[PDB]
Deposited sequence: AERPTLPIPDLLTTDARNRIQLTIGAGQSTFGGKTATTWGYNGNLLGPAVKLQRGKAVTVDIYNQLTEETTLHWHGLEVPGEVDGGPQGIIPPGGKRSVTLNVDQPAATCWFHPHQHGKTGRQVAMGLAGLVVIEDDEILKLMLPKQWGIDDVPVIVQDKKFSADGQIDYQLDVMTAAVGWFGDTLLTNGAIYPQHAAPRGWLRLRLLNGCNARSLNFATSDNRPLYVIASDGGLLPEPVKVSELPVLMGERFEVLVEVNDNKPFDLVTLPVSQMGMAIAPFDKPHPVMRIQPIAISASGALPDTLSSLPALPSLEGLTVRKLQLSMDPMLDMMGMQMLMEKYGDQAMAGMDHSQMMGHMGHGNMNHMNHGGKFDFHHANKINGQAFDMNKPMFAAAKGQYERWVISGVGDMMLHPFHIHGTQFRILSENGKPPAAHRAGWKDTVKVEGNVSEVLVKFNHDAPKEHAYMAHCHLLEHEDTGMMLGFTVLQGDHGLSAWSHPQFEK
């Protein structure tokens, strides 16, 4: 009769030999009483939270016990291309690869997930995702909620859909290559609508939108506020009070919310203005989890001031790079029609024959006129120098959260508007949807042609059908 408890990922630290072992394997999970094959890191589904410290190096041993290739991308981590885990970071089935992570960035909740060439959406959908908890000396002094799994909890929110036999019903087809893969069942750390018991005072939630294609918008059932304290790349300068919190695919935000005795409440997600994503039961506020107040005092603080955010650097003389996102107009239209025909007018609530490889949807989506080419990086970016990357979605109305590997950047313009205050700090993702975004990005680490960084749409079905470029980083200006 009762809701399951929110599953709490193991917070994983190094041994004396300084290794973290991650095993990628196929297992089973149960959803609405039906069995489904799932994939996980150190288990059947999802994965642990890998805990790292600024200024220390850790080695991660990665064992692929799948029967297919995969890669492991450390989403948000400022690391060299060699260990970034892009699509060149191949781990053969039954094989092992070790990476050393030399951590040199502020405290943050990052994550990790597969980046297999053309199969990233399927591998996430099957269950692969974990967390990264980066700490530093600065953050521990703030005395935030810090009891992992009690008053400091990760909340990985994902949608899936299942076939009649209970298996995950994933497909990369003409429809999902346009609008994304999405489902009717919402999971929270792998569980359907769990409860979490939290002590009286501040509760710290580390929110991850882990959907392939579904954007989310978090809020509380009884309208209590959320206090945003951090973004993808770490703390904000001060808390930002919000009543609602849009989160794009792959983004993280940390929020503090009040817990008081005798008033249970739900974390919910509100209907979003994205094509396909307001079909029942997501036409209305949808529960994510129930917070269950415990009459024991919680010790964590919401400080006035969290961190020091540098002034945006002057724009004069920065290299500008243009990244024009596009979708093939005919495959875009065909995919939108299929959505409309399947679901009707609700698909936009709140807004035949083989003609050969030329019309193949697998390379329909592009950047600068080109579908992703793993054999040819599109440019060499500078090391250790800010650049101004201009990323355009003009030409179609689809949502394109854009992720740049190897960096935490500042948003100058988010889809034609200066960024909201809670999105004005360190980010690894920017919204692009029918308009233009500009970010100020710096790459502190190398990435050669053989292990290039990726810059790509993180609506995963666009990525898999070509909306990605590779770039290198090798040094700074030799000029003047």
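According to the record, C-alpha coordinates are lacking for deposited residues 352-366, 496-505.
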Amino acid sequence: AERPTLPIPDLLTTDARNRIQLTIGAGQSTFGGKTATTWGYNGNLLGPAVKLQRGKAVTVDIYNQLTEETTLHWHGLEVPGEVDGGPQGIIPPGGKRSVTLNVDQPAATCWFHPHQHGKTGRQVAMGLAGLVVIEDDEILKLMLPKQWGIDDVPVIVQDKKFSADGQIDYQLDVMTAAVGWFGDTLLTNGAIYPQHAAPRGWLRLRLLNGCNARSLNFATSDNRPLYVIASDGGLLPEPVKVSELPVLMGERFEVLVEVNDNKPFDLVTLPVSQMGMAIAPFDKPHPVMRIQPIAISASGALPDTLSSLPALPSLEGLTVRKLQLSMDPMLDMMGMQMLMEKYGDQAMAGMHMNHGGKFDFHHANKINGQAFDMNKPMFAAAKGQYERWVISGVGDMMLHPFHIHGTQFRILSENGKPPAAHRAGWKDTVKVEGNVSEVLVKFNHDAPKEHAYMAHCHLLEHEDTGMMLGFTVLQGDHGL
From here on, numbers count along this sequence of modelled residues.
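By rigid core we mean the largest C-alpha set that fits within 1.5 Å across both forms.
Of 255-263 and 96-104, the stretch whose C-alpha atoms sit farther from the shown form in 7 other deposited structures of this protein, after fitting on the rigid core, is 255-263.
Farther from the shown form on average, by C-alpha root mean square after a core fit in 7 other deposited structures of this protein, is 288-296, of the stretches 381-389 and 288-296. Coverage remark for residue 118: present in the model in all other entries compared whose chains are built on both sides, leaving no third without it.
Compared with the other entries of this protein, residue 356 is frequently left unbuilt, missing from a third or more of those that build its neighbours. Between 370-378 and 183-191, the higher mean Cα B-factor belongs to 370-378. Taking the mean C-alpha B-factor of each stretch as recorded, 14-22 and 460-468 are not equal, and the higher mean is that of 14-22. Each of 248, 124, 330, 207 has a CA temperature factor in the record; the biggest one is found at 330. Among the modelled residues of the chain, residue 356 sits in the highest third by CA temperature factor in this PDB entry. In this PDB entry, the Cα temperature factor of residue 134 sits in the bottom third of its chain's modelled residues, the lowest group. In this PDB entry, residue 51 carries a Cα temperature factor that places it within the middle third of its chain's modelled residues. Split the chain's modelled residues into thirds by C-alpha temperature factor. Residue 40 is in the lowest one.
Per the deposited record, the Cα B-factor of residue 146 falls in the middle third when ranked against the other modelled residues of its chain.
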